[PDB]
Amino acid sequence: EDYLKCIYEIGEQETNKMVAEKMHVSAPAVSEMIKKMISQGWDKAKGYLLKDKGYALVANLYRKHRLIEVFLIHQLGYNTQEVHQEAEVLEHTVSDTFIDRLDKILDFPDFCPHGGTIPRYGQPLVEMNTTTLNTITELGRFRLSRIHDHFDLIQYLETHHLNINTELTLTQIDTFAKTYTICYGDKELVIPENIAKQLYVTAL
Amino acid sequence: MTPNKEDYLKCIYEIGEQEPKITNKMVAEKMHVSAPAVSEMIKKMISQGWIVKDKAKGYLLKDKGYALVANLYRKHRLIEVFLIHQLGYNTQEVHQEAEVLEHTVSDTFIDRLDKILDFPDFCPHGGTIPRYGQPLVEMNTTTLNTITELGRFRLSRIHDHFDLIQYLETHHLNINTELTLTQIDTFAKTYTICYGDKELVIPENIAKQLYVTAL
Ligand SMILES: [Mn+2]
Ligand SMILES: [Mn+2]
Ligand SMILES: [Mn+2]
Ligand SMILES: [Mn+2]
């Protein structure tokens, strides 16, 4: 269910062995859960291929999630802890009609506070920000546009005071250590490839 | 579905408003639950220090019950305000989702929700919305059935019941509509009213659910 949300996330380039190790799912419940998911909508190419019956459904899941996030943070003045405790339950309880009215209320926002796009009117999920940090080979200065909706990742970011839409400058790209050294405001931070994968930046 | 102990408490409070003595039958018919589950629930409520039995008023709410039903009605009506005055819900979608919402959401969530609604003082049905940590005291306590004199009236409050709202919207009877009490039969206990281009006779069982303000 909410764990099929991340077969699309590892399909984002972030088989069975990839499932169990990424979303800490039970190894027998990784291959034997598929027998239910293959039935009634959603092989060659990669490990698995979801149908349009599936692609459209997860778009509504992210829609619920990010819309609620926008409401909590921007209107209710929530913080990361309260959000991580409240939002996951809210999206599990509220109806489609509820978030549809809410979408209208929020003046139809484009992005999640993390920087993720918000699909509308049954449109498939199309992320505007796709360029991650680890892919950057040239130097220069960028803006942190999008991060993933993970909790501990935001913990890491708010620890180093690295917010969304922050102006930064990439100084060193260690090609052997796969380390990206950035400078923002008054601080300097080195970022491993495993973290740079989760940071979406935009050239300036 | 899954009526919770909180819902029973709200009902007890409501009946205490509309009735002299609170019997178990009225509690069962209102909650749409069989009598055994009603009496068994009352056992769990009277045990946890909410309700005290009294063969004069039927049941009474202790300080803990009043202090809780205040915060409970606060959460319920604030959500109603938001669902309707903002999202634009109709009085049927509310019946489907509002009760589930007030069961799930946090208290801090409601505290913030009260803020973004510019601190409302009234449920769209006329109910009083208490502030944070504040006790519940209604503005409208006068029900139609207790009226003895004739004259003009303003329908100020009802409770959020589907059937009742259906009854009111059918006869084109909204909150804050004006009307005049024409006939008051003391035997049949009927209350005949006239509003605009309509006349409606209201039996005592319906009149007890209509909170009115004189003139
Ligand atoms: Mn997000
Ligand atoms: Mn998480
Ligand atoms: Mn109400
Ligand atoms: Mn009802």
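Protein chains in written order, with PDB author numbering: chain B, 6 to 19, 23 to 50, 54 to 215; chain A, 1 to 215.
Cβ coordinates follow ideal geometry from the N, Cα and C atoms, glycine included.
CB of residue i within 7 Å of CB of residue j, strictly
i	j	result
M139(A)	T128(A)	yes
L144(B)	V212(B)	yes
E80(A)	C11(A)	no
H125(A)	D163(A)	no
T2(A)	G58(A)	no
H76(B)	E102(B)	yes
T180(B)	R152(B)	yes
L155(B)	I184(B)	no
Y73(B)	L136(B)	yes
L200(A)	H172(A)	no
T186(B)	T104(A)	no
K208(A)	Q18(A)	yes
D114(A)	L87(A)	no
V52(A)	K62(A)	yes
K30(A)	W50(A)	no
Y132(A)	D111(A)	yes
Residue i (DSSP reduced to helix, strand or coil)
i	result
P203(A)	strand
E14(B)	coil
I51(A)	strand
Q86(B)	helix
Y167(B)	helix
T190(B)	strand
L72(B)	helix
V33(A)	coil
residue 216(A)	Residue 216(A) is absent from the structure shown; chain A starts at 1 and stops at 215.
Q183(A)	strand
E6(B)	coil
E178(B)	strand
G65(B)	helix
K198(A)	strand
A214(A)	strand
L101(B)	helix
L60(A)	strand
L78(A)	helix
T91(B)	helix
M41(B)	coil
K208(A)	coil
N24(A)	helix
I46(A)	helix
Expected contact under 8 Å - CB spacing of residue i and residue j to nearest Å
i	j	result
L83(A)	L9(A)	Wrong, their Cβ atoms sit about 21 Å apart, outside the cutoff.
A70(A)	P130(A)	5 Å
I165(A)	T182(A)	About 24 Å; that fails the 8 Å criterion.
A56(A)	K21(A)	7 Å
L215(B)	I158(B)	Not a contact, Cβ separation roughly 18 Å.
Assigned exposure category for residue i - 16 Cβ within 10 Å defines buried
i	result
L150(A)	exposed
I46(B)	exposed
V94(B)	buried
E97(B)	buried
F109(A)	buried
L168(B)	buried
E178(A)	exposed
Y66(B)	exposed
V27(A)	buried
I116(A)	exposed
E99(A)	buried
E14(A)	buried
Task: Unbroken stretches of the beta strand (DSSP E), 3 residues or longer, contained in the segment 106-160 of chain A - done: 151-157
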